[PDB]
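**Student:** I'm passing along data.tsv; it holds TSV, C-alpha atoms.
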```tsv
chain	number	residue	atom	x	y	z
D	340	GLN	CA	137.44	95.06	-17.19
D	341	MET	CA	138.86	97.64	-14.77
D	342	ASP	CA	141.21	98.05	-11.87
D	343	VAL	CA	140.52	100.37	-8.94
D	344	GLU	CA	142.99	101.36	-6.23
D	345	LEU	CA	142.61	103.07	-2.85
D	346	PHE	CA	145.55	104.98	-1.40
D	347	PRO	CA	145.44	106.58	2.07
D	348	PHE	CA	146.72	110.00	3.10
D	349	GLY	CA	145.79	110.50	6.77
D	350	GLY	CA	142.97	109.77	9.17
D	351	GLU	CA	140.01	110.02	6.80
D	352	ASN	CA	141.52	111.39	3.57
D	353	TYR	CA	141.97	108.64	0.98
D	354	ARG	CA	142.69	108.69	-2.75
D	355	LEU	CA	140.75	106.67	-5.33
D	356	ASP	CA	142.69	105.64	-8.44
D	357	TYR	CA	140.78	103.80	-11.15
D	358	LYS	CA	141.24	102.79	-14.78
D	359	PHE	CA	138.90	101.11	-17.27
D	360	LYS	CA	139.89	98.30	-19.63
D	361	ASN	CA	137.06	98.75	-22.16
D	362	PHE	CA	135.30	101.79	-23.63
D	363	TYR	CA	131.56	102.28	-23.18
D	364	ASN	CA	130.23	105.59	-24.53
D	365	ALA	CA	128.57	106.60	-21.27
D	366	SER	CA	126.89	109.82	-20.19
D	367	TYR	CA	128.50	110.00	-16.74
D	368	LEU	CA	130.42	107.98	-14.16
D	369	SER	CA	128.88	107.45	-10.72
D	370	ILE	CA	131.22	105.93	-8.13
D	371	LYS	CA	129.29	104.97	-5.00
D	372	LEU	CA	130.02	103.50	-1.58
D	373	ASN	CA	127.98	100.35	-0.75
D	374	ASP	CA	125.26	101.70	-3.12
D	375	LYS	CA	124.52	104.38	-0.46
D	376	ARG	CA	126.90	107.35	-0.77
D	377	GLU	CA	128.13	108.73	-4.09
D	378	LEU	CA	131.88	109.40	-4.03
D	379	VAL	CA	132.77	110.55	-7.57
D	380	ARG	CA	130.59	112.02	-10.32
D	381	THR	CA	132.36	112.93	-13.56
D	382	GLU	CA	130.93	113.96	-16.93
D	383	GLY	CA	131.42	112.20	-20.24
D	384	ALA	CA	132.70	108.76	-21.06
D	385	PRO	CA	136.03	107.89	-19.38
D	386	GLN	CA	138.85	106.93	-21.69
D	387	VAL	CA	140.21	103.40	-21.80
D	388	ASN	CA	143.59	102.69	-20.10
D	389	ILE	CA	143.73	106.19	-18.57
D	390	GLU	CA	144.30	106.20	-14.81
D	391	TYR	CA	142.00	108.78	-13.23
D	392	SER	CA	142.32	110.02	-9.66
D	393	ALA	CA	139.96	111.45	-7.05
D	394	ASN	CA	140.23	112.28	-3.35
D	395	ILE	CA	137.59	110.66	-1.14
D	396	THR	CA	136.96	110.55	2.61
D	397	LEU	CA	135.91	107.51	4.64
D	398	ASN	CA	134.98	107.73	8.33
D	399	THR	CA	135.37	105.10	11.06
D	400	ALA	CA	131.96	103.50	10.40
D	401	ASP	CA	132.97	102.57	6.84
D	402	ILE	CA	136.34	101.01	7.73
D	403	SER	CA	134.99	98.63	10.42
D	404	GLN	CA	133.35	96.37	7.79
D	405	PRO	CA	134.75	95.31	4.40
D	406	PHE	CA	133.10	97.86	2.13
D	407	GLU	CA	132.43	97.85	-1.60
D	408	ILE	CA	133.22	100.62	-4.10
D	409	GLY	CA	131.06	100.33	-7.22
D	410	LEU	CA	131.88	102.00	-10.54
D	411	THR	CA	128.92	102.25	-12.92
D	412	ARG	CA	128.95	103.88	-16.36
D	413	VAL	CA	125.48	104.99	-17.47
D	414	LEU	CA	124.84	104.98	-21.21
D	415	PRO	CA	122.55	107.58	-22.84
D	416	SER	CA	120.08	104.77	-23.63
D	417	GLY	CA	119.46	104.26	-19.89
D	418	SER	CA	121.34	100.99	-19.43
D	419	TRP	CA	124.54	100.85	-17.39
D	420	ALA	CA	127.62	98.71	-16.81
D	421	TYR	CA	128.47	97.89	-13.19
D	422	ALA	CA	131.96	97.05	-11.95
D	423	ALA	CA	132.99	96.95	-8.30
D	424	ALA	CA	135.60	95.78	-5.79
D	425	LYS	CA	135.56	94.95	-2.09
D	426	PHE	CA	138.21	96.61	0.08
D	427	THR	CA	139.32	95.89	3.65
D	428	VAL	CA	141.24	98.61	5.50
D	429	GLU	CA	143.24	97.50	8.54
D	430	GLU	CA	145.09	99.88	10.86
D	431	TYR	CA	148.14	98.99	12.95
D	432	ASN	CA	150.72	100.53	15.23
D	433	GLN	CA	154.33	100.33	14.03
D	434	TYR	CA	155.15	98.06	16.97
D	435	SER	CA	152.03	95.96	16.38
D	436	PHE	CA	152.70	95.59	12.65
D	437	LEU	CA	156.29	94.37	12.99
D	438	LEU	CA	155.23	91.76	15.57
D	439	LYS	CA	152.45	90.47	13.31
D	440	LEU	CA	154.80	90.53	10.32
D	441	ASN	CA	157.15	88.49	12.52
D	442	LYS	CA	154.47	85.80	12.88
D	443	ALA	CA	153.60	85.81	9.17
D	444	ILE	CA	157.16	85.29	7.94
D	445	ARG	CA	158.17	82.62	10.47
D	446	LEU	CA	155.00	80.60	9.84
D	447	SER	CA	155.35	80.84	6.05
D	448	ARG	CA	158.97	79.67	6.08
D	449	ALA	CA	158.21	76.73	8.37
D	450	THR	CA	155.01	75.49	6.72
D	451	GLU	CA	155.96	76.48	3.12
D	452	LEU	CA	152.53	78.09	2.62
D	453	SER	CA	151.64	81.32	0.87
D	454	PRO	CA	150.84	84.34	3.08
D	455	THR	CA	147.44	84.70	1.41
D	456	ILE	CA	146.68	81.03	2.15
D	457	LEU	CA	147.82	81.61	5.74
D	458	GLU	CA	145.43	84.58	5.87
D	459	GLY	CA	142.53	82.32	4.89
D	460	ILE	CA	143.38	80.00	7.79
D	461	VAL	CA	143.41	82.90	10.28
D	462	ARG	CA	140.26	84.61	8.97
D	463	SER	CA	138.24	81.37	9.09
D	464	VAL	CA	138.99	80.97	12.81
D	465	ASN	CA	138.33	84.47	14.15
D	466	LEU	CA	137.52	87.96	12.90
D	467	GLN	CA	140.77	89.59	14.01
D	468	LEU	CA	144.02	88.73	12.24
D	469	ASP	CA	145.89	86.80	14.93
D	470	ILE	CA	147.45	83.35	15.31
D	471	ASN	CA	146.56	81.08	18.23
D	472	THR	CA	146.49	77.34	18.91
D	473	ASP	CA	143.24	77.01	16.95
D	474	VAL	CA	144.87	78.48	13.83
D	475	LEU	CA	147.90	76.17	14.12
D	476	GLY	CA	145.61	73.15	14.36
D	477	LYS	CA	144.17	74.07	10.96
D	478	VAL	CA	147.60	74.70	9.45
D	479	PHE	CA	148.30	71.04	10.25
D	480	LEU	CA	145.04	69.93	8.62
D	481	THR	CA	145.83	72.10	5.60
D	482	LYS	CA	149.29	70.58	5.11
D	483	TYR	CA	148.01	67.07	5.82
D	484	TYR	CA	145.22	67.21	3.23
E	147	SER	CA	144.31	102.45	-26.88
E	148	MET	CA	146.41	99.41	-25.93
E	149	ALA	CA	148.28	99.61	-22.63
E	150	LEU	CA	152.04	98.96	-22.69
E	151	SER	CA	151.87	96.71	-19.64
E	152	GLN	CA	153.83	93.68	-18.47
E	153	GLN	CA	150.70	91.53	-18.84
E	154	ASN	CA	150.27	92.45	-22.51
E	155	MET	CA	153.88	91.40	-23.22
E	156	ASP	CA	154.21	88.12	-21.31
E	157	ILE	CA	150.76	86.48	-21.28
E	158	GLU	CA	150.26	84.26	-24.32
E	159	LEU	CA	146.83	84.07	-25.94
E	160	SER	CA	145.42	82.84	-29.22
E	161	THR	CA	145.88	84.95	-32.35
E	162	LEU	CA	142.47	83.74	-33.52
E	163	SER	CA	140.93	85.03	-30.28
E	164	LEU	CA	142.55	88.41	-30.98
E	165	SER	CA	141.20	88.33	-34.53
E	166	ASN	CA	137.64	87.48	-33.49
E	167	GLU	CA	137.34	90.26	-30.89
E	168	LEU	CA	138.61	92.74	-33.48
E	169	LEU	CA	135.89	91.53	-35.85
E	170	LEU	CA	133.29	91.46	-33.06
E	171	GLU	CA	134.09	95.07	-32.13
E	172	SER	CA	133.74	96.36	-35.70
E	173	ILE	CA	130.36	94.66	-36.22
E	174	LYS	CA	129.10	95.93	-32.84
E	175	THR	CA	129.76	99.57	-33.78
E	176	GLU	CA	128.30	99.51	-37.30
E	177	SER	CA	125.05	97.74	-36.44
E	178	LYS	CA	125.07	99.61	-33.08
E	179	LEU	CA	124.18	96.52	-31.07
E	180	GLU	CA	124.21	95.95	-27.31
E	181	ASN	CA	126.93	93.34	-26.72
E	182	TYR	CA	128.62	90.39	-28.43
E	183	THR	CA	125.57	88.19	-27.79
E	184	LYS	CA	123.38	90.48	-29.92
E	185	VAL	CA	126.06	90.21	-32.62
E	186	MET	CA	125.77	86.41	-32.54
E	187	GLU	CA	121.97	86.64	-32.54
E	188	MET	CA	122.07	88.92	-35.60
E	189	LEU	CA	124.37	86.53	-37.48
E	190	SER	CA	122.04	83.62	-36.69
E	191	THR	CA	119.28	85.04	-38.94
E	192	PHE	CA	121.30	87.10	-41.45
E	193	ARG	CA	120.53	85.70	-44.92
E	194	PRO	CA	122.55	87.23	-47.82
```
Step by step, read the file and then write its structure as structure tokens.
**Tutor:**
Amino acid sequence: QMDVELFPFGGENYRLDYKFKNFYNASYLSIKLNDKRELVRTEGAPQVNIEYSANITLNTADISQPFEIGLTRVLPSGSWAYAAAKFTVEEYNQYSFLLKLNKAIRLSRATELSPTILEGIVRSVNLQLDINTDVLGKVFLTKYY
Amino acid sequence: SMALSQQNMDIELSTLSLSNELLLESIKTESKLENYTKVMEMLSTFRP
């Protein structure tokens, strides 16, 4: 019923691209961050299949946890329609990214698993995205089952 | 209002499902109801 996209520019400056798949004749559009801080407030009902854009800023305290960007359209009758998405922003050095991309390609070619399915094996072991002997023990149990 | 996307061109779906949601949208705007459930509740008691 929508798709929302988050594109980065620099340290804190991000860009919020969104687009709605159905039309609700709303009074306004309130885009909030984890129900706490309001990012975007526009007037009138947004058009269907039109990609709108807005520049937002997120500090370090918002990136450290997977946050949620909620898009609610408030009708004149008082009721609303809520639609959200949960983002996860990771930050890597160019040397650190190419070494972790080296692990992700060589493990996916050997085990014939999808990189998203390999991400679920890593994330279930530890919080950080890294491969150790505990991850490789669960890649065996995944391929065996 | 229809997007000219790759998903609208490849993904097969029922013609009868496309015809119902066109009829559900027209009834929802004339009676000025809340959703498609209130359309089905209105048809459950509509006599004539």
**Student:** So that each row is one residue of chain E with an atom at most 8 Å from chain D, can you give its shortest atom pair and the distance in Å to one decimal, using all atoms listed in the file, rows by chain and rising number, as a tab-separated table?
**Tutor:**
```
residue	atom	partner	partner_atom	distance
E:147	CA	D:387	CA	6.6
E:148	CA	D:388	CA	7.3
E:149	CA	D:388	CA	6.2
```
**Student:** Rounded to one decimal in Å, what is the spacing between atom CA of residue 423 of chain D and atom CA of residue 411 of chain D?
**Tutor:**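 About the pair atom CA of residue 423 of chain D and atom CA of residue 411 of chain D: they are 8.1 Å apart.
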**Student:** So that I can see what lies close to residue 442 of chain D, please list as number ranges by chain the residues with an atom at most 12 Å from it, counting all atoms listed in the file and leaving out residues fewer than 5 positions away in the same chain.
**Tutor:** D: 435-437, 447-449, 454, 457-458, 461, 468-471, 475
**Student:** Can those selected residues be exported to a file as a short mmCIF file (atom, residue, chain, number, x, y, z; two decimals), in the frame of the given file so that it contains C-alpha atoms?
**Tutor:**
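So the final result, stored in out-v9.cif, reads:
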```cif
data_model
loop_
_atom_site.label_atom_id
_atom_site.label_comp_id
_atom_site.auth_asym_id
_atom_site.auth_seq_id
_atom_site.Cartn_x
_atom_site.Cartn_y
_atom_site.Cartn_z
CA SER D 435 152.03 95.96 16.38
CA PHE D 436 152.70 95.59 12.65
CA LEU D 437 156.29 94.37 12.99
CA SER D 447 155.35 80.84 6.05
CA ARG D 448 158.97 79.67 6.08
CA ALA D 449 158.21 76.73 8.37
CA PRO D 454 150.84 84.34 3.08
CA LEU D 457 147.82 81.61 5.74
CA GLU D 458 145.43 84.58 5.87
CA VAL D 461 143.41 82.90 10.28
CA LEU D 468 144.02 88.73 12.24
CA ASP D 469 145.89 86.80 14.93
CA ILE D 470 147.45 83.35 15.31
CA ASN D 471 146.56 81.08 18.23
CA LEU D 475 147.90 76.17 14.12
#
```
**Student:** Determine, counting all atoms listed in the file, every residue of protein, DNA or RNA that lies within 6 Å of (132.6, 94.0, -2.1) in the file coordinates, then give the result as a ChimeraX atom specification.
**Tutor:** /D:406-407,424-425
**Student:** Extract, using only C-alpha atoms, all DNA, RNA and protein residues at most 12 Å from segment 174-189 of chain E, discarding same-chain residues fewer than 3 positions from it, and format them as a count of residues only.
**Tutor:** 17
**Student:** Grab the atom CA of residue 344 of chain D to atom CA of residue 357 of chain D distance for me, in Å with one decimal place.
**Tutor:** 5.9 Å
**Student:** What gap, in Å, lies between atom CA of residue 397 of chain D and atom CA of residue 439 of chain D?
**Tutor:**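 Rounded to one decimal, the two atoms are 25.3 Å apart.
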**Student:** Looking at D:402, D:478, D:444, D:378, which one is nearest to residue 428 of chain D, with distances taken over all atoms listed in the file?
**Tutor:**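 Nearest to residue 428 of chain D: D:402.
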**Student:** Using all atoms of segment 158-164 of chain E that appear in the file, construct an axis-aligned enclosing box with 4 Å of padding on every side and provide its centre coordinates and edge lengths in Å, rounded to one decimal, as JSON.
**Tutor:**
```
{"center_x": 145.6, "center_y": 85.6, "center_z": -28.9, "size_x": 17.3, "size_y": 13.6, "size_z": 17.2}
```
**Student:** May I have the residues within 12 Å of residue 480 of chain D as JSON, numbers by chain, using all atoms listed in the file and disregarding those fewer than 6 positions away in the same chain?
**Tutor:** {"D": [450, 460, 473, 474]}
**Student:** Only C-alpha atoms, please: the residues just picked out, written as an mmCIF file, in the coordinates of the input.
**Tutor:**
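The resulting out_23.cif:
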```
data_model
loop_
_atom_site.group_PDB
_atom_site.id
_atom_site.type_symbol
_atom_site.label_atom_id
_atom_site.label_comp_id
_atom_site.auth_asym_id
_atom_site.auth_seq_id
_atom_site.Cartn_x
_atom_site.Cartn_y
_atom_site.Cartn_z
ATOM 1 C CA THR D 450 155.010 75.490 6.720
ATOM 2 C CA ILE D 460 143.380 80.000 7.790
ATOM 3 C CA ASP D 473 143.240 77.010 16.950
ATOM 4 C CA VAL D 474 144.870 78.480 13.830
#
```
**Student:** List every protein, DNA or RNA residue that has an atom no more than 12 Å from (135.0, 105.0, 10.9) in the file's coordinate frame, counting all atoms listed in the file, and report them as a list in words.
**Tutor:**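 Nearby residues: residues 350, 351, 352, 396, 397, 398, 399, 400, 401, 402, 403, 404, 405, 406, 428, 429 and 430 of chain D.
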**Student:** With N, CA, C and O atoms retained, output segment 150-182 of chain E as a short mmCIF file (atom, residue, chain, number, x, y, z; two decimals), in the first residue's frame.
**Tutor:**
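For reference, decode.cif as written:
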```cif
data_model
loop_
_atom_site.label_atom_id
_atom_site.label_comp_id
_atom_site.auth_asym_id
_atom_site.auth_seq_id
_atom_site.Cartn_x
_atom_site.Cartn_y
_atom_site.Cartn_z
N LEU E 150 3.09 2.60 -14.47
CA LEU E 150 3.65 1.80 -15.56
C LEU E 150 4.93 1.12 -15.07
O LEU E 150 6.05 1.44 -15.47
N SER E 151 4.74 0.16 -14.17
CA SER E 151 5.84 -0.53 -13.52
C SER E 151 6.05 -1.91 -14.12
O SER E 151 5.22 -2.43 -14.87
N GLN E 152 7.18 -2.52 -13.75
CA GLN E 152 7.48 -3.88 -14.19
C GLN E 152 6.57 -4.89 -13.51
O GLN E 152 6.25 -5.94 -14.08
N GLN E 153 6.11 -4.58 -12.29
CA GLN E 153 5.24 -5.49 -11.56
C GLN E 153 3.83 -5.50 -12.12
O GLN E 153 3.14 -6.53 -12.05
N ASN E 154 3.37 -4.38 -12.69
CA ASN E 154 2.05 -4.34 -13.30
C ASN E 154 2.01 -5.05 -14.64
O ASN E 154 0.92 -5.33 -15.15
N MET E 155 3.17 -5.33 -15.24
CA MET E 155 3.24 -5.91 -16.57
C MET E 155 3.51 -7.41 -16.52
O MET E 155 3.05 -8.16 -17.39
N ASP E 156 4.23 -7.88 -15.50
CA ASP E 156 4.61 -9.29 -15.45
C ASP E 156 3.67 -10.11 -14.57
O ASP E 156 3.30 -11.23 -14.94
N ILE E 157 3.29 -9.57 -13.41
CA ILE E 157 2.60 -10.37 -12.40
C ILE E 157 1.17 -10.64 -12.83
O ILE E 157 0.36 -9.72 -12.99
N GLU E 158 0.84 -11.92 -13.01
CA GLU E 158 -0.49 -12.33 -13.40
C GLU E 158 -1.42 -12.32 -12.19
O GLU E 158 -1.03 -12.69 -11.08
N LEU E 159 -2.66 -11.90 -12.43
CA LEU E 159 -3.69 -11.90 -11.41
C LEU E 159 -5.03 -12.08 -12.10
O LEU E 159 -5.14 -11.91 -13.32
N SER E 160 -6.06 -12.41 -11.32
CA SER E 160 -7.35 -12.74 -11.89
C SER E 160 -8.04 -11.50 -12.45
O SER E 160 -7.99 -10.42 -11.85
N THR E 161 -8.67 -11.66 -13.62
CA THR E 161 -9.46 -10.59 -14.21
C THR E 161 -10.69 -10.30 -13.34
O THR E 161 -11.10 -9.14 -13.19
N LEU E 162 -11.25 -11.35 -12.74
CA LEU E 162 -12.41 -11.19 -11.87
C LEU E 162 -12.05 -10.48 -10.57
O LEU E 162 -12.89 -9.79 -9.99
N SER E 163 -10.80 -10.61 -10.12
CA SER E 163 -10.35 -9.83 -8.97
C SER E 163 -10.15 -8.37 -9.34
O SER E 163 -10.37 -7.48 -8.50
N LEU E 164 -9.73 -8.10 -10.58
CA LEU E 164 -9.65 -6.72 -11.05
C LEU E 164 -11.03 -6.11 -11.25
O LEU E 164 -11.22 -4.91 -11.05
N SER E 165 -12.01 -6.93 -11.64
CA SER E 165 -13.36 -6.42 -11.86
C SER E 165 -14.10 -6.17 -10.56
O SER E 165 -14.94 -5.27 -10.50
N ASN E 166 -13.81 -6.95 -9.51
CA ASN E 166 -14.49 -6.74 -8.23
C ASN E 166 -13.99 -5.48 -7.54
O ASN E 166 -14.79 -4.70 -7.02
N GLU E 167 -12.67 -5.25 -7.54
CA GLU E 167 -12.13 -4.08 -6.87
C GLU E 167 -12.42 -2.79 -7.62
O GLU E 167 -12.33 -1.71 -7.03
N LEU E 168 -12.77 -2.87 -8.90
CA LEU E 168 -13.30 -1.71 -9.60
C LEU E 168 -14.75 -1.45 -9.20
O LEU E 168 -15.17 -0.29 -9.08
N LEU E 169 -15.52 -2.52 -8.98
CA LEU E 169 -16.89 -2.36 -8.50
C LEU E 169 -16.94 -2.01 -7.02
O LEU E 169 -17.84 -1.28 -6.59
N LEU E 170 -15.99 -2.52 -6.22
CA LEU E 170 -15.94 -2.15 -4.81
C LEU E 170 -15.54 -0.70 -4.61
O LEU E 170 -15.96 -0.07 -3.63
N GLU E 171 -14.72 -0.15 -5.51
CA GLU E 171 -14.29 1.24 -5.36
C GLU E 171 -15.41 2.20 -5.72
O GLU E 171 -15.55 3.26 -5.10
N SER E 172 -16.23 1.85 -6.72
CA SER E 172 -17.31 2.73 -7.15
C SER E 172 -18.44 2.77 -6.14
O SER E 172 -19.09 3.81 -5.97
N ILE E 173 -18.71 1.65 -5.46
CA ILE E 173 -19.75 1.62 -4.44
C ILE E 173 -19.28 2.34 -3.18
O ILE E 173 -20.08 3.01 -2.51
N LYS E 174 -17.99 2.26 -2.87
CA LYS E 174 -17.43 2.90 -1.68
C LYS E 174 -17.47 4.42 -1.77
O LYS E 174 -17.61 5.09 -0.74
N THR E 175 -17.38 4.99 -2.97
CA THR E 175 -17.41 6.44 -3.13
C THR E 175 -18.82 7.01 -3.23
O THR E 175 -19.02 8.18 -2.86
N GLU E 176 -19.79 6.24 -3.71
CA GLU E 176 -21.15 6.77 -3.83
C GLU E 176 -21.88 6.72 -2.49
O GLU E 176 -22.53 7.69 -2.09
N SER E 177 -21.78 5.59 -1.79
CA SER E 177 -22.38 5.49 -0.47
C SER E 177 -21.53 6.18 0.60
O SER E 177 -22.03 6.38 1.71
N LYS E 178 -20.28 6.52 0.27
CA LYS E 178 -19.32 7.18 1.16
C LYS E 178 -19.09 6.37 2.43
O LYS E 178 -19.24 6.85 3.56
N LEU E 179 -18.71 5.11 2.23
CA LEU E 179 -18.49 4.18 3.32
C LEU E 179 -17.03 4.20 3.75
O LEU E 179 -16.20 4.92 3.19
N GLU E 180 -16.71 3.40 4.77
CA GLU E 180 -15.40 3.43 5.40
C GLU E 180 -14.37 2.58 4.66
O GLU E 180 -13.31 3.07 4.28
N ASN E 181 -14.68 1.30 4.44
CA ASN E 181 -13.78 0.40 3.73
C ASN E 181 -14.62 -0.60 2.93
O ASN E 181 -15.82 -0.40 2.73
N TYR E 182 -13.98 -1.67 2.47
CA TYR E 182 -14.68 -2.69 1.71
C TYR E 182 -15.51 -3.61 2.60
O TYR E 182 -16.40 -4.31 2.10
#
```
